Amino acid sequence: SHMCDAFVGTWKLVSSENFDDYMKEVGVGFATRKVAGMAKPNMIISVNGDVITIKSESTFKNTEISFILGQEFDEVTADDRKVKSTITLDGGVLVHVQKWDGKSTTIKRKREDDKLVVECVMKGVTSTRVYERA
Ligand SMILES: c1ccc2c(c1)c1c(n2CCc2nnn[nH]2)CCCCCC1
């Protein structure tokens, strides 16, 4: 009955494109790129009141963030960046901006048909990662 109902659930990665190049653009080093690129995460999205929780569970790393839309928080990313994050809803798309070291990357999550599509963008480089219900 609310703001992210169609995102809530357990999702499994089924395809990726350009993720190595995205990670290079971000600054991720060779060994982490190789092991992270192999991961097939489950993304678990839940909502309790105003608080949204997004977990990512994989052989590479298990991460968890909780947040309120529009309210900045500090995040340690799976690749060990210490970033300041703000997540908003823009026309039904969750938009996640991460700022660190004068740099920025944006991760968009959208529902398309029965998929949850994640678009990671750093400068001119996009990676598209497609999730199915688990
Ligand atoms: C496996 C799954 C998910 C991951 C990662 C690794 C990494 C991130 N995300 C979250 C964004 C996301 N969600 N689905 N794919 N990407 C941080 C940005 C990219 C650097 C590598 C580490």
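Just so it is clear, the values below take in all heavy atoms, side chains as well, and ignore hydrogens, waters and symmetry mates. Just so you know, residue 1 is the first one in the sequence shown, and it goes up from there.
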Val118 and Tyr131: CA distance, side-chain angles, deciding distance, side chain to side chain contact (heavy atoms under 4.5 Å, CB included) verdict: CA-CA 8 Å; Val118 183; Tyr131 294 72; 3.7 Å; yes
Evaluation steps, side chain to side chain contact (heavy atoms under 4.5 Å, CB included), between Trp100 and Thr105: CA-CA 9 Å; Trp100 77 109; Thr105 187; 3.8 Å; yes
Residue pair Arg109, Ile54: steps toward the side chain to side chain contact (heavy atoms under 4.5 Å, CB included) verdict: CA-CA 11 Å; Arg109 294 172 173 89; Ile54 302 177; 4.1 Å; yes
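Residues satisfying the salt bridge (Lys or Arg N to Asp or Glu O under 4.0 Å) test with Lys84, not counting sequence neighbours, are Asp74. Listed by chain and number, the residues in a salt bridge (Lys or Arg N to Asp or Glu O under 4.0 Å) with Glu72 amount to none (sequence neighbours excluded). With sequence neighbours excluded, no residue forms a side-chain hydrogen bond (donor to acceptor under 3.5 Å, both in side chains) with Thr10. With sequence neighbours excluded, the residues that form a side chain to side chain contact (heavy atoms under 4.5 Å, CB included) with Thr106 are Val95, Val97, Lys108. Residues passing the side chain to side chain contact (heavy atoms under 4.5 Å, CB included) test with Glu75, sequence neighbours excluded: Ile65, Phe73, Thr77, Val83, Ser85, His96, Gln98. Partners of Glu17 according to the side chain to side chain contact (heavy atoms under 4.5 Å, CB included) rule, which considers only residues two or more places apart in sequence or in another chain, do not exist here. The side chain to side chain contact (heavy atoms under 4.5 Å, CB included) check on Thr53 picks up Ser46, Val51, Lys55, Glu64, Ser66, with sequence neighbours excluded. Partners of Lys103 by side-chain hydrogen bond (donor to acceptor under 3.5 Å, both in side chains), not counting sequence neighbours: none found. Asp20 pairs by the side-chain hydrogen bond (donor to acceptor under 3.5 Å, both in side chains) definition with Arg33, not counting sequence neighbours.
The backbone N or O of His2 sits less than 3.5 Å from a side-chain atom of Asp5, completing a donor-acceptor pair. Under the 3.5 Å distance criterion, the side-chain polar atoms of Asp80 are left unmatched by any main-chain donor or acceptor of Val76. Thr126 contributes no side-chain N or O that, together with a main-chain N or O of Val121, makes up a donor-acceptor pair within less than 3.5 Å.
Cluster annotation: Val8 is connected to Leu13 through the hydrophobic network of ILVMFWY side chains, with a link wherever side-chain heavy atoms come within less than 4.5 Å. Taken together through direct or relayed side-chain contacts under 4.5 Å among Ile, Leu, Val, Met, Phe, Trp and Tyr, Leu94 and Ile107 form part of one hydrophobic cluster. In this structure, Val125 is a member of the same hydrophobic cluster as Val26, with clusters built from ILVMFWY side-chain heavy atoms closer than 4.5 Å. Connection of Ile68 to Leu89 is not established within any shared hydrophobic cluster, with ILVMFWY side chains joined at heavy-atom distances below 4.5 Å, either directly or through further cluster members.
Note that CD1 of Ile87 is 12.0 Å distant from CD of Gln71, once rounded to the nearest 0.5 Å. Of the inter-residue distances, the one linking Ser56 atom OG with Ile45 atom CD1 reads 8.5 Å to the nearest 0.5 angstrom. A distance of 13.0 Å separates NZ in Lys12 from CD1 in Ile44, rounded to the nearest 0.5 Å.
Side-chain contact between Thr128 and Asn18 is absent, with no heavy atoms from C-beta onward closer than 4.5 Å. The side-chain heavy atoms of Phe7 and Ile52, taken from C-beta on, include no pair separated by under 4.5 Å.
The salt bridge (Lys or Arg N to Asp or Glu O under 4.0 Å) analysis of residues 119-131, with sequence neighbours excluded, yields the pairs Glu25-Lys123, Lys110-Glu119. Applying the ring-ring contact (aromatic ring centres under 6.0 Å, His included) definition to pairs two or more places apart or across chains, none involves residues 9-32.
Scanning both residues, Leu69 and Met3, for their nearest heavy atoms gives CD1-CG, 4.2 Å. For the residue pair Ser104 and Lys99, the shortest heavy atom distance occurs at OG-NZ, 2.8 Å. Between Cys4 and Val47, the shortest heavy-atom contact is CB-CG2, 4.1 Å.
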Using residues 34-43 as the side-chain source, report each donor-acceptor pair under 3.5 Å to any protein atom, sequence neighbours left out, with the distance given to one decimal.
none

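The environment of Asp90 atom CG is sparse: at most 12 non-hydrogen atoms of other residues, nucleotides or ligands sit within 6.0 angstrom. In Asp50, the CG atom is not crowded: 12 or fewer heavy atoms of neighbouring residues, nucleotides or ligands sit closer than 6.0 Å.
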